[PDB]
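Student: Submitted below is the structure of interest, expressed as structure tokens.
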Amino acid sequence: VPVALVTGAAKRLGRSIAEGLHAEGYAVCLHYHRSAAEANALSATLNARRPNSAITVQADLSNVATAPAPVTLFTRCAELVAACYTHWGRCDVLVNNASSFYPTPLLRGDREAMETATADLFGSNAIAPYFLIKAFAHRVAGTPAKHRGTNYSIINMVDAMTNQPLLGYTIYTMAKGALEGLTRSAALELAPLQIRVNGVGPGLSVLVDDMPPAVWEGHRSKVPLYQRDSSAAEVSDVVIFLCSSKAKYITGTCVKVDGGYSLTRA
Amino acid sequence: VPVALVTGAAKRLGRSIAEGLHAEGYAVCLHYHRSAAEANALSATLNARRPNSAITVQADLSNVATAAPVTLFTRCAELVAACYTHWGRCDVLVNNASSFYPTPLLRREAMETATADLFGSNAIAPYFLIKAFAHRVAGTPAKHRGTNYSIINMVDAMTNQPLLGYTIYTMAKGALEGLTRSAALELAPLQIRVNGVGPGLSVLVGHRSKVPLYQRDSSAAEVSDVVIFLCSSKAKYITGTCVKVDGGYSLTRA
Amino acid sequence: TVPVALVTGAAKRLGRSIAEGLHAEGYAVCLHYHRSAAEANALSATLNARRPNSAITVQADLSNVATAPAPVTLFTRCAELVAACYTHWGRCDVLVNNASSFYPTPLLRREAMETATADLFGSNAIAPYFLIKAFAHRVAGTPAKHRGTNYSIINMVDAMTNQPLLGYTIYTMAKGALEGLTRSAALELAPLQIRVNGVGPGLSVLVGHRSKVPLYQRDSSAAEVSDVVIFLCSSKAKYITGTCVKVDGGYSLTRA
Amino acid sequence: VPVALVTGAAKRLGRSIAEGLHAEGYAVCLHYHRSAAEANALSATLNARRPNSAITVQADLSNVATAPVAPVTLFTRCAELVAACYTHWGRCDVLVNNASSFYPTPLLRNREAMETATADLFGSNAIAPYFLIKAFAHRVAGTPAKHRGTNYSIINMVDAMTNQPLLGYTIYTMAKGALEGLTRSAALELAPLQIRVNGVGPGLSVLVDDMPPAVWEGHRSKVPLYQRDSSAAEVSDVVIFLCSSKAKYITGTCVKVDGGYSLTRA
Ligand SMILES: NC(=O)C1=CN([C@@H]2O[C@H](COP(=O)(O)OP(=O)(O)OC[C@H]3O[C@@H](n4cnc5c(N)ncnc54)[C@H](OP(=O)(O)O)[C@@H]3O)[C@@H](O)[C@H]2O)C=CC1
Ligand SMILES: NC(=O)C1=CN([C@@H]2O[C@H](COP(=O)(O)OP(=O)(O)OC[C@H]3O[C@@H](n4cnc5c(N)ncnc54)[C@H](OP(=O)(O)O)[C@@H]3O)[C@@H](O)[C@H]2O)C=CC1
Ligand SMILES: NC(=O)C1=CN([C@@H]2O[C@H](COP(=O)(O)OP(=O)(O)OC[C@H]3O[C@@H](n4cnc5c(N)ncnc54)[C@H](OP(=O)(O)O)[C@@H]3O)[C@@H](O)[C@H]2O)C=CC1
Ligand SMILES: NC(=O)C1=CN([C@@H]2O[C@H](COP(=O)(O)OP(=O)(O)OC[C@H]3O[C@@H](n4cnc5c(N)ncnc54)[C@H](OP(=O)(O)O)[C@@H]3O)[C@@H](O)[C@H]2O)C=CC1
Ligand SMILES: COc1cc(Cc2cnc(N)nc2N)cc(OC)c1OC
Ligand SMILES: COc1cc(Cc2cnc(N)nc2N)cc(OC)c1OC
Numbered sequence: 006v007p008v009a010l011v012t013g014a015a016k017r018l019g020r021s022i023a024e025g026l027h028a029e030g031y032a033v034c035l036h037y038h039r040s041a042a043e044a045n046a047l048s049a050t051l052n053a054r055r056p057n058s059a060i061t062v063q064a065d066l067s068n069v070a071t072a073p081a082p083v084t085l086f087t088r089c090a091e092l093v094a095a096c097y098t099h100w101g102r103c104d105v106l107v108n109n110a111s112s113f114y115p116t117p118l119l120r131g132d133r134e135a136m137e138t139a140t141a142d143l144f145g146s147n148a149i150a151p152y153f154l155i156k157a158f159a160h161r162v163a164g165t166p167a168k169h170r171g172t173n174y175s176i177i178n179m180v181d182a183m184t185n186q187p188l189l190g191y192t193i194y195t196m197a198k199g200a201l202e203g204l205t206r207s208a209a210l211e212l213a214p215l216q217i218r219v220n221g222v223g224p225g226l227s228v229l230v231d232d233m234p235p236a237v238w239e240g241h242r243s244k245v246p247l248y249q250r251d252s253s254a255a256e257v258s259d260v261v262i263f264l265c266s267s268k269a270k271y272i273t274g275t276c277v278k279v280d281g282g283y284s285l286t287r288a
Numbered sequence: 006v007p008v009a010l011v012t013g014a015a016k017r018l019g020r021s022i023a024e025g026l027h028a029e030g031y032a033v034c035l036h037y038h039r040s041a042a043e044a045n046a047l048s049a050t051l052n053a054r055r056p057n058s059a060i061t062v063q064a065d066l067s068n069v070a071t072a081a082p083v084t085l086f087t088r089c090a091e092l093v094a095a096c097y098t099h100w101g102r103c104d105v106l107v108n109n110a111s112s113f114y115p116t117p118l119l120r133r134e135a136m137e138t139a140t141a142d143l144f145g146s147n148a149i150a151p152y153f154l155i156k157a158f159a160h161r162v163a164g165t166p167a168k169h170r171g172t173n174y175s176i177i178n179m180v181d182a183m184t185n186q187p188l189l190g191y192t193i194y195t196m197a198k199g200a201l202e203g204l205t206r207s208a209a210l211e212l213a214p215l216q217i218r219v220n221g222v223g224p225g226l227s228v229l230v240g241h242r243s244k245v246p247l248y249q250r251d252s253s254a255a256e257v258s259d260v261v262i263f264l265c266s267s268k269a270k271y272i273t274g275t276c277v278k279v280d281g282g283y284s285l286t287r288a
Numbered sequence: 005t006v007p008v009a010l011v012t013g014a015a016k017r018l019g020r021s022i023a024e025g026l027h028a029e030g031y032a033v034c035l036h037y038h039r040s041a042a043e044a045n046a047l048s049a050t051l052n053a054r055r056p057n058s059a060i061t062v063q064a065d066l067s068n069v070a071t072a073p081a082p083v084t085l086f087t088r089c090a091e092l093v094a095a096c097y098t099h100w101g102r103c104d105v106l107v108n109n110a111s112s113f114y115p116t117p118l119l120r133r134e135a136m137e138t139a140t141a142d143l144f145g146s147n148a149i150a151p152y153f154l155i156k157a158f159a160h161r162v163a164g165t166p167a168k169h170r171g172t173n174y175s176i177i178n179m180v181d182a183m184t185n186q187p188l189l190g191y192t193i194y195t196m197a198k199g200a201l202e203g204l205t206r207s208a209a210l211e212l213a214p215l216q217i218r219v220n221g222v223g224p225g226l227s228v229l230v240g241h242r243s244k245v246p247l248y249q250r251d252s253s254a255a256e257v258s259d260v261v262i263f264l265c266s267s268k269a270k271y272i273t274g275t276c277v278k279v280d281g282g283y284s285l286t287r288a
Numbered sequence: 006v007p008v009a010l011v012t013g014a015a016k017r018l019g020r021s022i023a024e025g026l027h028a029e030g031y032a033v034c035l036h037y038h039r040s041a042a043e044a045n046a047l048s049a050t051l052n053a054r055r056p057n058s059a060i061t062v063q064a065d066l067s068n069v070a071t072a073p074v081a082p083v084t085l086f087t088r089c090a091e092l093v094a095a096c097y098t099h100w101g102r103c104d105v106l107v108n109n110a111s112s113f114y115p116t117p118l119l120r121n133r134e135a136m137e138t139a140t141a142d143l144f145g146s147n148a149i150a151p152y153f154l155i156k157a158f159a160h161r162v163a164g165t166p167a168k169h170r171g172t173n174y175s176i177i178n179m180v181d182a183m184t185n186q187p188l189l190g191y192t193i194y195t196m197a198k199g200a201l202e203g204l205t206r207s208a209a210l211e212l213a214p215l216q217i218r219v220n221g222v223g224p225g226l227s228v229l230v231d232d233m234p235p236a237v238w239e240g241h242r243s244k245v246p247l248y249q250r251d252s253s254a255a256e257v258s259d260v261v262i263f264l265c266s267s268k269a270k271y272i273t274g275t276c277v278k279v280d281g282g283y284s285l286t287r288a
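Going line by line, the protein sequences match chains A, C, D and B. In terms of PDB author numbering, the first sequence is residues 6 to 73, 81 to 120, 131 to 288. In terms of PDB author numbering, the second sequence is residues 6 to 72, 81 to 120, 133 to 230, 240 to 288. In terms of PDB author numbering, the third sequence is residues 5 to 73, 81 to 120, 133 to 230, 240 to 288. In terms of PDB author numbering, the fourth sequence is residues 6 to 74, 81 to 121, 133 to 288.
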């Protein structure tokens, strides 16, 4: 029974990914930060379909120390991987999906929305993924060859549109650039242990409708294929395929799931 | 029952792709140039597992006239037509056929045939085939159209790090990548997806020890399986992108 | 010592600004043209007036077709272009593949399909290939002691081809081939110290669309592009090779 | 008389860049961290060539708070660097993010180390550049249009080889990917103020030889053009050109100065 750890698994794409892996027979460690209710509701459904196929772990992946001596981001990340080994004795798949997304304009007490944004955006999107990968790799390396899984796979959720940045989202964009970098570096270094590291880059998926309907139809109509944002499955299915043994030769690459959005120009 | 046209389907990757699509329920038009025996043997196997699930069509995809003189465009249209004539539809196109040999820049008509052969098979033919494919979908009344039109271009994961002496081939692959993006954008309104699959080193005829993952060339399946997935309805949101199937080779340096 | 530059499609717009730019650096210039005979000759006169014997003009169709005398092939025509530089000045230091046909070839909605393909693919890709091969043979054939010290080939590419212009498939394909040529030629010709780079304009000297460019909200001047070509040719850029420089004012960073 | 701020200007490429800009008529603020002697020696030479054409500011660009005389954050330290240009000369026209730590952070084959490394590598190569750009931009924005310079230019020192990562240098590679991201995001957002943001990516320049001669030669004989590492001028001259008014249409692009190294494969 293979195990998958999905960060930010409570809802939207993270939920669809977790559900997708679960349908392939995976036991799933659903990580969450604030969405406790939703995470627990998802665990219940999965555990109902298949007894002992889901657990829930809470963690702030922001680059800050947590409350008692203080706990570092690294420790918190190691604990996430450990929870998989403690409960099921293994961890075969890692999906770095958790991600903060809000503006940090280069143009205009207060240093709160200053230092906290950097650590939140950079930690969730890049530093935490880094530590999680190290921890994941360490556990594989420590396992005697005779007891290793046969299909280790790490998926990093990136962004198909960062080459054409969203105005005002500099740190987020910077953070995603770092994640792409991690994908290539990790793929190369972990190749001898047969651990594949790839990336999935959504364009517009399950677009949040907290705006005037027309403005919302304005965004989705810019996508050349279907003139709409994608469903969560349209993205999660790709993540699932990259984790399958049929994709065992793919590593170090980023797959755009954007319906041709990146091919547009103003 | 959906139809797939695979150029250069007789052996190696082309064969594995055809076999892969066939296992998903597709009727397959196996294209070939010189490999007549191999192509016919493959059709027999597929037709034996499922009656009327395979045919074979011969064509030179080089940018020249043949058999008054028949142009490359006509030959390409005939390939697509053969699918409509036999089965009444064509849902998938896989531009896999490709010549691959050196054209050194440093030491007559031997290059004249090389240019048209390498550029035709790898880029010009694919262009005409897509055009023919798109014309046929457009001409079909909306109510009768298939629900999963997909075109796959076989590109190269290593062309950003060129193989010494293979300029025309490398140029041709660059054109094919360009075709993938342009076609994806123009055919989007008809729900025709256009993507690319880029192998690194697959089923070699030394250097394979330098592939970071497994330290070997890939099997044909390790590549064909990706082409199959991109054709599945699960991948319906993917278009205009190239997927590397190279085991991390493109991440290396000298 | 006066170095020589061959600039294809040098009669007007960017090609002319490139030729003028190289000429102001002391280069003797071979202005190639196809149909623009009058402009090419007027440009030669100006350059030859400023500096005697610093310009010549040569005519050639760079389309992938055979012309009548055994028909003259595109390769031969390209070799002749490079030869004209050696015949007149005894050297060829810089090659700028600038000539380019640009019109739609829609996928949706006969003689023109065959002539469009060879015209767009030849001018934008096959001619540049043959020209580079011819340029390289001549350098290779020249005894080491006699070789120039700054061999540079510039390919005019396109900053926006990753975000294709709707309906321009063959042109877009041709530019992709040219980028491929830039990398392949840079690698193979490195032992001979011949550098091969690319310059990719976005919107330059156009004949509401330009208001979409992030920088200045306008199309560029010819100089704003040619000056980059000139710098990449300078000895100060002797370590750059196999790279494409976008000169687009951030246009490629936009999205619909 | 235009002003240029060059971080990590004390030696090698940073020096060559400062010297390059100085020869074009620029007044130069030379930043340094631990190379005080070399920085002061460089200031002396430049000031001897042209009185009052050079100053020096010390700063740790690592993502950590320092000890004042309430700690001082990285952001404040960055604002102070830009401020020093305005205080001394009343202007700042060019910013060159050159300062950079570069050492291994392995994923495998293995505390205080895995803490300070992250902030040092990520701060110097990405977080500091972000804050510096932000500070530079408010400064231009706060200047009345009539008093603005006519050629604002920011150059970020990136890496031509990060798409083919150096084994074991994950954080560094991740940091460079963030920097590329910053170059595109800033270019787009600062375009209305006519501030250009570009990248220059060296391959092998002035290679360190703390290794056997053969190993050093090996690395050098892999560069296709000349079979050698570049001189500092071969790189700095490109930075200087991108800053010239002749390059006023270039923005958001990265220029490789690698002699074809990125075109190679194993
Ligand atoms: N959807 C889209 O249009 C696009 C998505 N992507 C990428 O795809 C992935 C998934 O997309 P989507 O579903 O929209 O993502 P969401 O924006 O919904 O965020 C996913 C989860 O990340 C968690 N999270 C946020 N910050 C932190 C943090 N500080 N520490 C720990 N967890 C945190 C949250 O969990 P919780 O609720 O428990 O707090 C949140 O539900 C993301 O990585 C995103 O970057 C990229 C481009 C476009
Ligand atoms: N295998 C690899 O390591 C790599 C492969 N690729 C790409 O993957 C694809 C498949 O790879 P692979 O199986 O090795 O390909 P092959 O080299 O075996 O060629 C495929 C087929 O193309 C057909 N073909 C060649 N020239 C022509 C022509 N002038 N007109 C019509 N058909 C022609 C041949 O068919 P016939 O026998 O009937 O004449 C041949 O069997 C190719 O497109 C290739 O470019 C890219 C990088 C690496
Ligand atoms: N300007 C722009 O906005 C952009 C330009 N570019 C590229 O920059 C380069 C220069 O741009 P621009 O000045 O606008 O180019 P032009 O469109 O003005 O064309 C340049 C010249 O190419 C020559 N030419 C065209 N077809 C042929 C052919 N069949 N055989 C021989 N010569 C031919 C013509 O010469 P003649 O008059 O003598 O017949 C023409 O004057 C081109 O390569 C273009 O692709 C790329 C993106 C944008
Ligand atoms: N040289 C090469 O082969 C390559 C260089 N590059 C990039 O080019 C740029 C310049 O190259 P190079 O001259 O080799 O750079 P160096 O390795 O010599 O470093 C440049 C300077 O950065 C400063 N620095 C390092 N860490 C910090 C920090 N924590 N806070 C403040 N300053 C710091 C140091 O200044 P001080 O001495 O005062 O402490 C150092 O002298 C760099 O950004 C590098 O990443 C990229 C690829 C290859
Ligand atoms: C194209 O414009 C927008 C696109 C998106 C999509 C998006 C992009 N990235 C991430 N991480 N999440 C998203 N929802 C989100 C937006 O903001 C809600 C946009 O408007 C500024
Ligand atoms: C290819 O291997 C190496 C390459 C480099 C180049 C290099 C790469 N990045 C930076 N910032 N500086 C450099 N000198 C530097 C090295 O030294 C640590 C290498 O290891 C021997």
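Beta carbons are placed, not taken as given, at the ideal position from N, Cα and C, and that holds for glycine.
1) With DSSP run on the structure shown, which of helix, strand or coil describes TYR114 of chain A?
2) Using a Cβ-Cβ distance under 8 Å, would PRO187 of chain C count as near chain D?
3) Can you grab the Cα-Cα spacing for the pair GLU211 of chain D / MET136 of chain B, in whole Å?
4) Quick one: residues with CB closer than 6 Å to any heavy atom of ligand 3, in chain order, please.
5) Check whether the region 152-162 of chain A touches the region 103-110 of chain B, taking contact to mean three or more Cβ pairs, one atom from each stretch, closer than 8 Å.
6) So, are the CB atoms of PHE158 of chain A and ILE176 of chain A less than 8 Å apart?
7) Using the Cβ count rule (16 or more neighbours within 10 Å means buried), how would you classify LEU10 of chain B?
8) Checking 8 Å against the spacing of the C-beta atoms, do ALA32 of chain C and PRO246 of chain A come in under that value?
9) Quick one: measure Cβ to Cβ for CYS103 of chain B and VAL8 of chain B, integer angstroms, because I've assumed they're closer than 8 Å.
10) Taking the alpha carbon of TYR271 of chain D as the point to measure from, which residue in B:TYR114, B:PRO235, B:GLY225 and B:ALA46 has its own alpha carbon closest?
11) Measuring only from the beta carbon, is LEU247 of chain D closer than 7 Å to any heavy atom that is part of ligand 6?
12) For ligand 5, is there any heavy atom lying closer than 7 Å to the beta carbon of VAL230 of chain A?
13) Which residues in chain B have a C-beta closer than 7 Å to the C-beta of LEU210 of chain D? List them in chain order.
14) Do you know whose CA, among D:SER48, D:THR5, D:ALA208 and D:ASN185, lies nearest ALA14 of chain D's CA?
15) Check whether the Cβ atoms of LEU285 of chain D and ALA209 of chain B lie closer than 8 Å to each other.
16) Going by the C-beta, is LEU285 of chain A closer than 7 Å to any heavy atom of ligand 5?
17) State the start and end residues of the unbroken alpha helix (DSSP H) segment that holds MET136 of chain C.
18) Should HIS160 of chain C be listed as close to ligand 5, given that the test is whether its C-beta is under 7 Å from any heavy atom?
19) Could you confirm whether any beta carbon from chain B is found closer than 8 Å to the beta carbon of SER67 of chain A?
Tutor: Once the coordinates are examined:
1) coil
2) yes
3) 43 Å
4) D:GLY13, D:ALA15, D:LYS16, D:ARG17, D:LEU18, D:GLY19, D:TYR37, D:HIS38, D:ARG39, D:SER40, D:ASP65, D:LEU66, D:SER67, D:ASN109, D:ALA110, D:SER111, D:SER112, D:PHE113, D:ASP142, D:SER146, D:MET179, D:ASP181, D:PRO224, D:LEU226, D:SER227 and D:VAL228
5) no
6) yes
7) buried
8) no
9) 5 Å
10) B:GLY225
11) no
12) yes
13) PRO246, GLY282 and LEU285
14) D:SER48
15) yes
16) no
17) 135-144
18) no
19) no
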